[PDB]
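Novice: Okay, handing you the structure first.
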Amino acid sequence: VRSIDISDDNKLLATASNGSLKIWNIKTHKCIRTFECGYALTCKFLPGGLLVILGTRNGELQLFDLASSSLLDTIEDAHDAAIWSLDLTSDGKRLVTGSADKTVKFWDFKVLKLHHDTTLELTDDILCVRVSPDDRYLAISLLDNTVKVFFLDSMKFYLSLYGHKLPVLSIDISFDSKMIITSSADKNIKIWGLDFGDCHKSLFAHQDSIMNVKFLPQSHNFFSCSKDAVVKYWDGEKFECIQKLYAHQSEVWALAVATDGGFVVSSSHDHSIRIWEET
Amino acid sequence: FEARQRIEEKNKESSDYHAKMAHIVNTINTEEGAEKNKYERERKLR
Amino acid sequence: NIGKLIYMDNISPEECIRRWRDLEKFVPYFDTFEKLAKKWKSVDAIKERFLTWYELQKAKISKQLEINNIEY
Amino acid sequence: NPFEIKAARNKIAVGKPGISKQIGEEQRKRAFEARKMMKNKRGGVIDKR
Amino acid sequence: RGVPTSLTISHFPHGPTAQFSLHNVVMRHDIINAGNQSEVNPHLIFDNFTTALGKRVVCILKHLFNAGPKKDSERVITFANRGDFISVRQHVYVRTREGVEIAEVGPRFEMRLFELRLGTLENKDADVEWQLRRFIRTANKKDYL
Amino acid sequence: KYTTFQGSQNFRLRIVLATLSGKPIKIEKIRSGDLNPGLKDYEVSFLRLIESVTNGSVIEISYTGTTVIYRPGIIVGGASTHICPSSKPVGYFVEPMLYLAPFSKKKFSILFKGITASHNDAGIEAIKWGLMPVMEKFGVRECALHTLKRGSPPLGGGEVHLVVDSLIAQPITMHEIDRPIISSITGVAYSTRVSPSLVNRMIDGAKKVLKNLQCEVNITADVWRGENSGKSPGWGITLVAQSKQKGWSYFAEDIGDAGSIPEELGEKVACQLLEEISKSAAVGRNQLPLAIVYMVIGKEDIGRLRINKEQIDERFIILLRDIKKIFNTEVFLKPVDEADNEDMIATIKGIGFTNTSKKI
Amino acid sequence: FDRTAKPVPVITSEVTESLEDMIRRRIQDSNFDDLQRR
């Protein structure tokens, strides 16, 4: 399973290489609406549930649902190379995605379907995108090993930053728009100040490669997965590993937190996803 | 206590005094000896 | 005009300058950033601006006294 | 850190030598520098508002 | 009155006798019960001995230790010069992954050389190689007088 | 009964003119209509800086704290330290010492620790080559602001070292009638505890806006690494227009803050410099109080300096009224003949002051 | 007045901190100057 989405507390999702957008619940665990799309890698909900936006390594971008028939809209050759990740905004009307034809493009939900409005060129194959939960700024991760932060009312190139010595592959932004978290494949995440871009702790764990970092959206604490079957979570004031979790067996590809209390679900290479909750 | 502090202060000011005095005496030595040897070279020819 | 306008005690300074036409804050005054940037998108108005020893000392002080008298 | 303490007989730390010498040099050090900076002037701000 | 004051070192086969005043001592017998000393043949460390008299005192002061200790040999003994006052401490340590952590044990003092005679201890007719000059009018202006 | 003043307006100029002229001063109702009335902490620490740099000057404050009676002593100067409080950076303390300085007994070697610079007040490089060349034109020779540790807006911790060592007898009189032909447009951009690319994103935008001109543009870059970086991130930009043929300067500066894009900050300081260099004649508008105080403590003769009709506004009015209440010198305002540019020539007869604290 | 010699150097926590980081930097270099078997 390549990616996980999760709603408030009820429905959950798994995204794989065949297109099995499996729709789950934490109480009966049967995959509700199984269908088939293709080599899908990243995805997101629509904020009321019941509607799922999802990309692919082919040139496409597709949208599905829960209740009615599965395929509703798809845009083929939306990016003529592979795309990597996508995001709704803080409200759920725009749709930003980045793609390794050095393009990041927006979309608008209109009525059932989507509508492209604005392309942006970058000087590198972009491979990650994260938009703030208050639409204050977006951040993009480029393999020429940099992180660029743009605004959203203007997209006027707020902060270009660097320092990871390998392609950074996961970004997150603080819940109250004060601190970003960049994470690369050199086992060293960086908590980054926001007003000018001062690094605070370029700290180091997960001794092969960070694959995805995500933010516990209540306080400013955060979970970080590995590639070597360990998921930790850290606090953002003293920067110590307040918990390790060793309970996978292979490459933990993805994870996602749930916004009710920081209720997290992780997913690995060994076809296992599992649920972590409070004590 | 005040013994130690005033004695290191006195040695410090004495060393800086030696530095200042030596500096002005050799700059007045060399900067004037340049034109002194120039005028002696100009005089001893003629 | 403007000399007695300054040195008259009664009137306030801004009423003085509007009749003619807080310094702990050091910074000089300024207008709207967008306004003067849009005014000076072209800046060729500023193109008009852009592009023996004893008798020496006596001449210096006597020319000083002469220009002192000539503007007295 | 067992030598900046000192013990005694039993029925232990009567007082810390290093920290005692630290404060006992610091307060008279700032007193000496205050006497230097305030020895030979006349103009003084009166006590407070 | 119980405070030691003179430490006379005499390398008595017709050798030099140095004499040291010995100012601020601390005795582990009247502070700390922590066990025995380590008693390994130690390493030695010396801080800014650069004068010719400094080389002489470090020669006659380190030629009384066991020759050629090993790498594992734990305790280090320091002789630090802080303005003609050889401060002596001695420590044991281990190597942490972060670095090194020392453990103060045994005596501590500081000694100032005040005579260094070429004869042996008993004679008092010994020709003085060096002794300090307390009453010159430039006593407190230099080191190793 | 002797010299009375209202309010904390031009307060630094009132106290520095009292201690230059040697006349006792008394200022009351320092924001007396306020919930926190009286003297603020930065100006009380400023007054005790004055007391550290002079000798015999007594200062008394009322129990209200809004009335200050000041007798002046003599300016001894010398070498001392001074921590400045975090309510106000080092510029607000150094810019009156910059024209109290060169007359004292000893050399000025005084170091300021605290916040380097902020928005409303003067930057260190700003005062360095926007006000030390005008001091070199008025007569001093050896003056420097050794910036040996930068600071930051919210935490500071920086260290400057004002050192002047040209104890001039009195400032020479000034003669400037021509508008200066601006030869070079230089500047620096400083950064503390940030990425170095912020500097390039400043400079390319600023010289992009000013690149449509025949003038030689030259802006330099400095980051501060190590413990010379202060204790908080911050970055600023300053530009001077330097006229080398006689040595005049105009300048403009600003420091970014949370969300300040370096491109638009470079554009803002470029347009602010163009505002100053179009609005000002023969001297900077911010250099103007130093200019008139050196012209008024010049020799017993007249000195003449060009300003334009824009220079006369409320700060200049309260300056000239301050000097007319302190040592009663009318400034004569001639008009220049060519009315294409409505310029006044200010002629000021300097009070015959000499420094009276020199071991001779 | 004036005095003959510098007094006894009193042992403060600052001077024992400088002596301890001296010796721990020295043995982090492992530059101890002992004798040799020769």
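Residue numbering restarts at 1 in every chain; chains get A, B, ... in the order shown in the structure tokens, and ligands count up from 1 in that same order.
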Given only C-alpha atoms, how would the per-residue table for chain A near chain F read, listing every residue at most 10 Å away with its closest atom pair and distance in Å to one decimal, sorted by chain and number, as JSON lines?
Specialist:
```
{"residue": "A:156", "atom": "CA", "partner": "F:261", "partner_atom": "CA", "distance": 8.7}
{"residue": "A:157", "atom": "CA", "partner": "F:261", "partner_atom": "CA", "distance": 8.3}
{"residue": "A:158", "atom": "CA", "partner": "F:261", "partner_atom": "CA", "distance": 6.1}
{"residue": "A:159", "atom": "CA", "partner": "F:261", "partner_atom": "CA", "distance": 8.0}
{"residue": "A:160", "atom": "CA", "partner": "F:197", "partner_atom": "CA", "distance": 7.6}
{"residue": "A:161", "atom": "CA", "partner": "F:195", "partner_atom": "CA", "distance": 7.0}
{"residue": "A:162", "atom": "CA", "partner": "F:195", "partner_atom": "CA", "distance": 8.3}
{"residue": "A:163", "atom": "CA", "partner": "F:195", "partner_atom": "CA", "distance": 9.6}
{"residue": "A:193", "atom": "CA", "partner": "F:233", "partner_atom": "CA", "distance": 9.8}
{"residue": "A:194", "atom": "CA", "partner": "F:258", "partner_atom": "CA", "distance": 8.1}
{"residue": "A:195", "atom": "CA", "partner": "F:258", "partner_atom": "CA", "distance": 4.4}
{"residue": "A:196", "atom": "CA", "partner": "F:194", "partner_atom": "CA", "distance": 6.6}
{"residue": "A:197", "atom": "CA", "partner": "F:194", "partner_atom": "CA", "distance": 6.4}
{"residue": "A:198", "atom": "CA", "partner": "F:194", "partner_atom": "CA", "distance": 5.4}
{"residue": "A:199", "atom": "CA", "partner": "F:194", "partner_atom": "CA", "distance": 8.2}
```
Novice: Restricting the output to C-alpha atoms, write the selected residues as a CSV table (one decimal), in the first residue's frame.
Specialist:
```csv
chain,number,residue,atom,x,y,z
A,156,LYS,CA,5.3,35.1,-4.8
A,157,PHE,CA,8.3,32.8,-3.8
A,158,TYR,CA,8.5,33.5,-0.1
A,159,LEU,CA,11.4,31.3,1.0
A,160,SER,CA,14.0,29.2,-0.9
A,161,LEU,CA,15.9,26.9,1.5
A,162,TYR,CA,18.3,24.0,1.3
A,163,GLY,CA,20.7,21.9,3.3
A,193,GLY,CA,11.6,28.2,11.8
A,194,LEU,CA,9.2,30.1,9.7
A,195,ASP,CA,9.6,33.9,9.8
A,196,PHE,CA,13.0,33.8,8.0
A,197,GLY,CA,13.8,30.1,7.7
A,198,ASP,CA,16.2,29.5,10.5
A,199,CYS,CA,16.8,25.8,11.2
```
Novice: Using only C-alpha atoms, I'd like every residue of chain E that has an atom within 12 Å of chain B; please write them out as a list in words.
Specialist: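 Matching residues, ligands excluded from the count: residues 83, 138, 139, 140, 141 and 142 of chain E.
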Novice: I need the chain G residues near chain B as a PyMOL selection string; criterion: at most 12 Å, counting only C-alpha atoms.
Specialist: chain G and resi 1-10
Novice: Could you name the residues that touch range 46-51 of chain E at 7 Å or less, counting only C-alpha atoms, but leaving out those on the same chain fewer than 4 positions away, as a tab-separated table (two decimals) with N, CA and C atoms, in the first residue's frame?
Specialist:
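This went into out.tsv:
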```tsv
chain	number	residue	atom	x	y	z
E	55	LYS	N	61.77	23.97	32.14
E	55	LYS	CA	62.24	22.69	31.63
E	55	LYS	C	63.06	21.95	32.67
E	78	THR	N	48.35	16.15	36.69
E	78	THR	CA	48.60	17.40	36.00
E	78	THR	C	49.50	18.31	36.82
E	79	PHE	N	50.32	19.07	36.10
E	79	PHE	CA	51.16	20.11	36.68
E	79	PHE	C	50.94	21.33	35.80
E	80	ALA	N	50.12	22.26	36.26
E	80	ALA	CA	49.74	23.41	35.45
E	80	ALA	C	50.44	24.65	35.98
E	81	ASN	N	51.04	25.43	35.09
E	81	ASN	CA	51.68	26.67	35.51
E	81	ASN	C	50.69	27.81	35.37
```
Novice: Output the contact residues of chain D with respect to chain B at a cut-off of 12 Å, based on only C-alpha atoms, as a VMD selection string.
Specialist: chain D and resid 21 24 to 33 35 to 36
Novice: Can you work out the spacing between CA of residue 250 in chain A and CA of residue 14 in chain A in Å, to one decimal?
Specialist: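 Answer for the CA of residue 250 in chain A to CA of residue 14 in chain A separation: 17.1 Å.
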Novice: Using CA of residue 342 in chain F and CA of residue 18 in chain C as the two end points, give the distance in Å to one decimal.
Specialist: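 These two atoms are separated by 16.8 Å.
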Novice: Report as a ChimeraX atom specification all protein, DNA and RNA residues lying within 7 Å of range 39-53 of chain F, evaluated on only C-alpha atoms, omitting residues in the same chain fewer than 3 positions from it.
Specialist: /D:43 /F:30,57,65-66,75-78,85,87-88,93
Novice: Quick one: residues within 12 Å of residue 99 in chain E, only C-alpha atoms counted, chain neighbours fewer than 6 positions away excluded, as a PyMOL selection string?
Specialist: (chain E and resi 93) or (chain G and resi 21+24-30)
Novice: Can you check which parts of chain D lie within 8 Å of chain E? Per residue, the shortest pair of atoms and distance in Å to one decimal, counting only C-alpha atoms, sorted by chain and number, as a Markdown table.
Specialist:
```
| residue | atom | partner | partner_atom | distance |
| --- | --- | --- | --- | --- |
| D:1 | CA | E:103 | CA | 7.4 |
| D:2 | CA | E:104 | CA | 7.2 |
| D:3 | CA | E:104 | CA | 6.9 |
| D:5 | CA | E:31 | CA | 7.9 |
| D:6 | CA | E:31 | CA | 5.3 |
| D:7 | CA | E:31 | CA | 5.2 |
| D:8 | CA | E:31 | CA | 7.2 |
```
Novice: Leaving out residue 70 in chain E and any residue of its chain fewer than 2 positions from it, which residues lie within 12 Å of it when counting only C-alpha atoms, given as an MDAnalysis selection string?
Specialist: (chainID E and resid 40:43 66:68 72:76) or (chainID G and resid 32 34:37)
Novice: To one decimal place in Å, what is the distance between CA of residue 71 in chain C and CA of residue 301 in chain F?
Specialist: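 According to the coordinates, CA of residue 71 in chain C and CA of residue 301 in chain F are separated by 10.6 Å.
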Novice: Near range 332-334 of chain F, counting only C-alpha atoms, which residues have an atom at most 7 Å away, once you skip same-chain residues fewer than 5 positions from it, shown as a ChimeraX atom specification?
Specialist: /C:3 /F:344-348
Novice: Output N, CA, C and O atoms for every residue in the selection just made, as a CSV table (one decimal), in the first residue's frame.
Specialist:
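After the write, part.csv holds the following:
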```
chain,number,residue,atom,x,y,z
C,3,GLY,N,11.8,83.0,7.4
C,3,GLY,CA,12.6,83.2,8.7
C,3,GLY,C,11.7,83.6,9.8
C,3,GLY,O,11.7,83.0,10.9
F,344,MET,N,16.9,76.9,-0.7
F,344,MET,CA,17.3,77.9,0.3
F,344,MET,C,18.8,77.6,0.6
F,344,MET,O,19.2,76.5,0.6
F,345,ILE,N,19.5,78.7,0.8
F,345,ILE,CA,20.9,78.6,1.4
F,345,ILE,C,20.7,79.0,2.8
F,345,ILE,O,20.4,80.2,3.1
F,346,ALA,N,21.0,78.1,3.7
F,346,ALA,CA,21.0,78.4,5.2
F,346,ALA,C,22.4,78.9,5.5
F,346,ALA,O,23.3,78.2,5.3
F,347,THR,N,22.4,80.1,6.0
F,347,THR,CA,23.7,80.7,6.5
F,347,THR,C,23.5,80.8,8.0
F,347,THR,O,22.5,81.4,8.5
F,348,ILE,N,24.5,80.3,8.8
F,348,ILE,CA,24.4,80.2,10.2
F,348,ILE,C,25.7,80.7,10.7
F,348,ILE,O,26.8,80.2,10.3
```
Novice: What residues in chain D lie within 10 Å of chain G, counting only C-alpha atoms, written as a list in words?
Specialist: residues 4, 17, 18, 19, 20, 21, 22, 23, 24 and 25 of chain D
Novice: Let's have the selection written as an mmCIF file, in the first residue's frame, with N, CA, C and O atoms.
Specialist:
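This went into selection-v7.cif:
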```cif
data_model
loop_
_atom_site.group_PDB
_atom_site.id
_atom_site.type_symbol
_atom_site.label_atom_id
_atom_site.label_comp_id
_atom_site.auth_asym_id
_atom_site.auth_seq_id
_atom_site.Cartn_x
_atom_site.Cartn_y
_atom_site.Cartn_z
ATOM 1 N N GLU D 4 34.522 19.624 45.636
ATOM 2 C CA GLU D 4 33.948 20.907 46.012
ATOM 3 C C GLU D 4 32.954 20.774 47.151
ATOM 4 O O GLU D 4 32.184 21.704 47.411
ATOM 5 N N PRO D 17 33.466 25.058 49.264
ATOM 6 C CA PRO D 17 34.605 25.976 49.102
ATOM 7 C C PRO D 17 34.643 26.685 47.763
ATOM 8 O O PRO D 17 34.896 27.894 47.733
ATOM 9 N N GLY D 18 34.381 25.979 46.661
ATOM 10 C CA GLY D 18 34.485 26.604 45.350
ATOM 11 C C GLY D 18 33.414 27.651 45.101
ATOM 12 O O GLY D 18 33.707 28.754 44.628
ATOM 13 N N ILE D 19 32.168 27.337 45.452
ATOM 14 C CA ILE D 19 31.081 28.293 45.286
ATOM 15 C C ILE D 19 31.216 29.432 46.292
ATOM 16 O O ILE D 19 30.904 30.592 45.974
ATOM 17 N N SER D 20 31.728 29.138 47.496
ATOM 18 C CA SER D 20 31.950 30.182 48.492
ATOM 19 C C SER D 20 33.005 31.176 48.026
ATOM 20 O O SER D 20 32.810 32.391 48.129
ATOM 21 N N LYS D 21 34.114 30.676 47.467
ATOM 22 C CA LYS D 21 35.126 31.564 46.898
ATOM 23 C C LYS D 21 34.620 32.274 45.650
ATOM 24 O O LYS D 21 35.038 33.404 45.384
ATOM 25 N N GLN D 22 33.706 31.644 44.902
ATOM 26 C CA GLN D 22 33.115 32.277 43.723
ATOM 27 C C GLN D 22 32.320 33.525 44.095
ATOM 28 O O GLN D 22 32.559 34.614 43.553
ATOM 29 N N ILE D 23 31.387 33.394 45.043
ATOM 30 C CA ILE D 23 30.618 34.572 45.442
ATOM 31 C C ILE D 23 31.491 35.553 46.221
ATOM 32 O O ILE D 23 31.354 36.777 46.057
ATOM 33 N N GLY D 24 32.433 35.050 47.026
ATOM 34 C CA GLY D 24 33.314 35.888 47.812
ATOM 35 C C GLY D 24 34.358 36.628 47.012
ATOM 36 O O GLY D 24 34.959 37.565 47.544
ATOM 37 N N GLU D 25 34.610 36.223 45.771
ATOM 38 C CA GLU D 25 35.363 37.091 44.880
ATOM 39 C C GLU D 25 34.451 37.986 44.057
ATOM 40 O O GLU D 25 34.823 39.131 43.785
#
```
